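Protein chains in written order, with UniProt numbering: chain A, 2874 to 2922, 2928 to 3004, 3013 to 3079, 3082 to 3298, 3310 to 3462; chain B, 2874 to 2915, 2931 to 3003, 3013 to 3076, 3097 to 3179, 3182 to 3298, 3309 to 3462.
No residue lacks a Cβ here, since even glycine has one placed at the ideal position from N, Cα and C.
Single-structure report; data block below.
Put into structure tokens, the structure is as follows:
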């Protein structure tokens, strides 16, 4: 039936994580910049009549990777497509977002469905196949569901979502990691203009000035489970997928042109199959690429389908994050899904950009649809969960559309760890920022997530806190190296002898067990940082807190490029 | 539930089509040859396709100059995919707007680099040409690709998301750069299957090669190096399929192994262990690998193995696996359910049970597939018509038909005529004739090709005869006379008119015996050379 989204991670232009993404959306920020000479010299390719677009939504630090984290030799990292490297990182972080770690993922039947559509690095070099890109995560984490790359161009990551959903519903897998990654490394690729790109370097989605898209870069991942499992497992749930479908354009006027009729059939068939009335939908993240003949076709299709079922007018807001970040290609679907989930979580709609005058080939006034350009509350009537759709159409003519529904659910000991001390310090910084930004964080849920939803790695710190202010101060003291008697820290490999007593003696174990049961947190903390395995479940009696989303591992930022 | 395979087409080393492929398997032929300098200047061996440069772009409404810029993987699959539909007896008219998915195994980009050529487009060429409306997805899981695609198509069909699938794979080895058991020899190939729900295939009176009764896919996960196999994943994959679908290993009498000649002992042990969990019976399941004949055809490996199995079932015959002198030391056969079949022999089954077989396909990225196939057990002059887009191809079509009839002494003439009438598109160059036996049919095609006058043979180019058939298209008495003819047995008249362009309602030829579509030779494409510009 319903598929829960239980974890997410993303990296988009202007946004290193989904928190910065949300902040950028709320503030109507546009991330598109001129391409710098550190990528390639646009002057050497630019002609106005060659490339006619000089702009891109670009990711920062595409060369950065933490190969040692993944048991990969540094020299092999230079030979790996950065698409692979960046997805490996984001995919891993999505699992940590959900509160799953290597131990809890080991041997899981988790499918991996990866949207990917380009091979620039591998060519520049003359390991880098799409097959291997999709398999890196399963190899690392010892997953056992199928690992399949999907290249249906810009619908890839939504196609992958559809396949994962079907596999989950058929019980062939028990979890999925779905995602997409796109980079534009070369003037040659990004180039293919084919007439596709905007000379102004903006996706003017829905606007009469729409004249092509601006390429964008990105990487994102979602972790999916059947809703009944997610509820039994006490996952945190961002939203639910309640319908999806894929089809083809078939014969169009040129193989890259869209089909109104296919888009209508796709949407109608989904809504009929899954019993979804268009009146119940209040937002659609459109494919919305800002192409002159594409945009009106999309609007007219969707509008027509909605109007078959209702006479209600201007009840469904439409937008496209491509107006913020550009066209992120194989990652486009996952970027749109994330935007929708964030909007649902905060009960807020955010502006779509670059919209001055409606496209002349479509009349909005008598449409179910309207273009939302305002930051505003996402209102819903009565009890009802919010619902939204996401569309993603590819140049090869394979289309996808999904429907998402809002999910409506019925002293603490803080521990942190990393593979290197420098990354522990970066972790503490990330947590301090997060807590600073999130004044309402539930401290007991946060601690419980750090205890049970993160792997205990070799460099450790821990401390007690009963409030946000105390928590912030401990992290500050840790970072400033300023003495604080409630902060503990150690490198596990250095403390083996100091812990052995509690691992082998029967009365020591019984005293440790008693300590954990009577919540003697200072004692548990000192021993944990030294490497002692703590049975965290024993800390909790009648009441067990819940896993929540927290910042995920701060990878080492080591540069690797062509050998 | 069950998925029917209603069409196939294939092009492998030494075999231009599935009929030659079968002939080569029966005779234990090995297609591996030394790589010639015309490919590159030289492992010096490959299972190679012939004339990989050849394409018929005009047939596909593609400009000849575009053809040079198309990855021959795309071109060749477009041809084989099309032909699979014609094998099944479907044409552009009957496929138009069908919800048919396309799932294409493909794992290399050599041409594009040497130089439109994305995997996404490769999968979309057929849907664009035929106006298909199911999703078109390329699959790159390396050598398990075409079997992974078969699994996905099967699940979409079961879930009613599509009403037909075209599944296939294609691999070519174009560059030196991308290139007892001692490793594999690379092979080239392209193959396609057409799939439907069994209930639809029976209602539609399709011819059915076999049925898929179970499939699954999984991953190796963490192995010792990312290209190493996992015994445990292979076992879990097979066990899960057999349990999910209620399949007893005792019922299985052939397995087409992944069998790359590297890996081999892990595969044997896994499958043997799974079977032995459920049965004590010894040496009842033959194993083989067509990679011994044609090399490792990579993305196409799964489809090549499935086709071999279907062909074996259809002819109730097991064929030798090659290059086997002594068993791999790391596996003991004697007390195994499994035995290596090296004989051409009858495929025996007990008390009228359908034969069952499995096909395994494992990729270097660790995504595995396995399917289970079951044998399907089904419950006067004729008017032969042939047409092509050019006269030269019409002649090539007539030759292919004459060879087929010559080779097949038990062909049902009424089923063949029916297939030509209802299962082929009426194209601009036309011929037709009457025949009431195999001998007369062979003689008519011979006469046609030898240009010997024969009063039973008609032929025309449709664009040249327009004025001459208008008399029948619009008049109500003319339609009645035509309708009368489609009835008092004057096939000669129907034939003359058809070749000139008149649209005939073939259903009207049949009262309440209606023949059945069968497999016949498919379009003989123009063999035009296109390579790098």
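- Straight-line spacing of the CA atoms in residue 3106 of chain A and residue 3355 of chain B works out to 50 Å.
- DSSP lists A:3264 as the bridge partner or partners of residue 3237 of chain A.
- Interface criterion not met: the Cβ of residue 3113 of chain B is under 8 Å from no Cβ in chain A.
- In terms of Cβ geometry, residue 3136 of chain B and residue 3030 of chain A form a close pair [threshold 8 Å].
- For the segment 3014 to 3038 of chain B, the set of positions with a beta-carbon nearer than 9 Å to some beta-carbon of chain A reads 3015, 3016, 3017, 3018, 3019, 3020, 3021, 3022, 3024, 3025, 3026, 3027, 3028, 3029, 3030, 3031, 3032, 3033, 3034, 3035, 3036, 3037, 3038 in chain order.
- The continuous stretches of beta strand (DSSP E) do not include residue 3002 of chain A, which lies in the alpha helix (DSSP H) extending over residues 2998 to 3003.
- Contact between residue 3212 of chain B and residue 3041 of chain B is ruled out by a C-beta separation of about 20 Å, above the 8 Å threshold.
- About 6 Å separates the Cβ atoms of residue 3069 of chain B and residue 2940 of chain B, confirming a contact at the 8 Å cut-off.
- Distance from the CA atom of residue 3132 of chain A to the CA atom of residue 3428 of chain B, rounded to whole angstroms, is 48 Å.
- Annotated three-state conformation of residue 3423 of chain A is helix, per DSSP.
- Residue 3297 of chain B is positioned such that its CB atom lies no closer than 8 Å to that of residue 3104 of chain B.
- In terms of CA proximity to residue 3398 of chain A, A:3422 leads the group A:3386, A:3384, A:3422.
- Residue 3050 of chain A is positioned such that its CB atom lies no closer than 8 Å to that of residue 2877 of chain A.
- Put simply, the segment 3272 to 3287 of chain B touches the segment 3166 to 3174 of chain B. At least three CB pairs are less than 8 Å apart.
- The beta carbons of residue 3210 of chain B and residue 3176 of chain B sit closer together than 8 Å.
- Neighbours of residue 2979 of chain B across chain A, judged by C-beta separation under 7 Å, do not exist; the nearest C-beta is about 15 Å away.
- Taking the C-beta atoms as reference points, residue 3290 of chain B is found no nearer than 8 Å to residue 3038 of chain B.
- The shortest C-alpha to C-alpha distance from residue 3390 of chain B to any of B:2935, B:3359, B:3402, B:3424 is the one to B:3359.
- When only Cα atoms are considered, residue 2955 of chain A and residue 3013 of chain A end up about 11 Å apart.
- Under the Cβ distance rule, residue 3221 of chain B does not count among the residues neighbouring chain A, no pair being separated by less than 8 Å.
- At least one CB of chain B lies nearer than 8 Å to the CB of residue 3049 of chain A.
- The beta carbons of residue 2881 of chain B and residue 3109 of chain B sit closer together than 8 Å.
- Under the DSSP assignment, residue 3296 of chain B falls outside any alpha helix (DSSP H); it carries neither an H nor an E label.
- Judged by DSSP secondary structure, residue 3016 of chain B falls outside any beta strand (DSSP E) and instead within the alpha helix (DSSP H) spanning 3016 to 3027.
- Residue-level contact check: residue 3286 of chain A touches chain B, since one or more beta carbons of chain B fall below 8 Å from its beta carbon.
- Considering only beta carbons, no part of the segment 2940 to 2964 of chain B lies closer than 7 Å to chain A.
- Interface flag for residue 3045 of chain A against chain B is set, since a Cβ pair is found closer than 8 Å.
- The C-alpha of residue 2964 of chain A lies about 8 Å from the C-alpha of residue 3067 of chain A.
- Contact between the segment 3134 to 3151 of chain A and the segment 2985 to 3004 of chain A is not established, with fewer than three Cβ pairs separated by less than 8 Å.
- Contact between residue 2879 of chain B and residue 2991 of chain B does not hold, since their C-beta atoms are separated by about 16 Å, which reaches or exceeds 8 Å.
- In the DSSP assignment, the residues bridged to residue 3317 of chain A are A:3358.
- Between the alpha carbons of residue 3284 of chain A and residue 2974 of chain B lies a distance of about 24 Å.
- Using beta-carbon distances, residue 3151 of chain B does not count as an interface residue toward chain A, since no partner is under 8 Å.
- For residue 3160 of chain A, there are no CB contacts under 7 Å within the same chain when 5 residues up- and downstream are skipped.
- Any Cβ of chain A closer than 8 Å to the Cβ of residue 3195 of chain B would place that residue at the interface, and such an atom is absent.
- Between residue 3385 of chain A and residue 3362 of chain A, the CB-CB gap stays under 8 Å.
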